[PDB]
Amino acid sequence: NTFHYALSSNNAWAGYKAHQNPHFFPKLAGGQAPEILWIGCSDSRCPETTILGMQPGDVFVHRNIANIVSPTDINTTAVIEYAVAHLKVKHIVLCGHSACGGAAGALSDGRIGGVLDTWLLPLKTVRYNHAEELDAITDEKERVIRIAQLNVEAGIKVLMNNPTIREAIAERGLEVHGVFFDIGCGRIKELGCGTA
C-alpha cells in the first residue's frame, strides 16, 4: 500500500524534476562527484540530503543504527574507502542526533536482543566510561542527547585513526567533522571534534 504509494510518488517526483530540468537525469546517469561522505543514523527522521537541503549527487552516505563507527567493521570501512580513495570526497561528516533509539538502548540495562546488544557495544562502552557524567543528568532525553554526542566524539576518534582517512588528510587536505542534528529545531551544529 504505502510501498505502491512510494512508487507513485517516485514517478511524480521524477516527472516534475524532468520538466524542471530536461538534462538533470541524463547528467546524473553520467556519473557522480559528491564532495561529502555522510555517516549517520538509520533513523527515518535523518535523511541527509533533505535536512541539508541538497540534491541527488552530492552526498555519498552510509547509515546504521546509532551512527556507530567501529574499527573492524567492514561494511562501514568499504563505504569510507570507496568514498575517500575513489571518489576523493573532501569532507567526512559523522552525524549524531537527538532521540536516538540506539543511544537510548545503550543507556538501558536490559538485553535488547538479537544482534543489537553486540552492535551497540561501543556505545555501551561510551556509557561506562562517562557513567558519572551521564548519571548526573536528571532529564532522560538530555541524557540520550548527551550519550549521542559522546558517541559522535568517539566515532570521530576512530575515523581519525583510519589509515585511508589520514592519508587523505596528509596528502589532499581531507576534512572531518562531527555534527549533531537537533530534530526539535531541525538544525545541525558542530560538536567541535575533527580535523580542526
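Position 1 is the first residue in the sequence shown; the rest follow in order.
The question of which stretch, 73-81 or 103-111, has the higher mean Cα B factor is settled in favour of 103-111. Just going by the entry, 165-173 versus 40-48 on mean CA temperature factor gives the higher value to 165-173.
Looking only at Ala148, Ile68, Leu134, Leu159, the residue with the top Cα B factor in the deposited structure is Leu134.
The PDB entry assigns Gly184 a C-alpha temperature factor belonging to the middle third of its chain's modelled residues.
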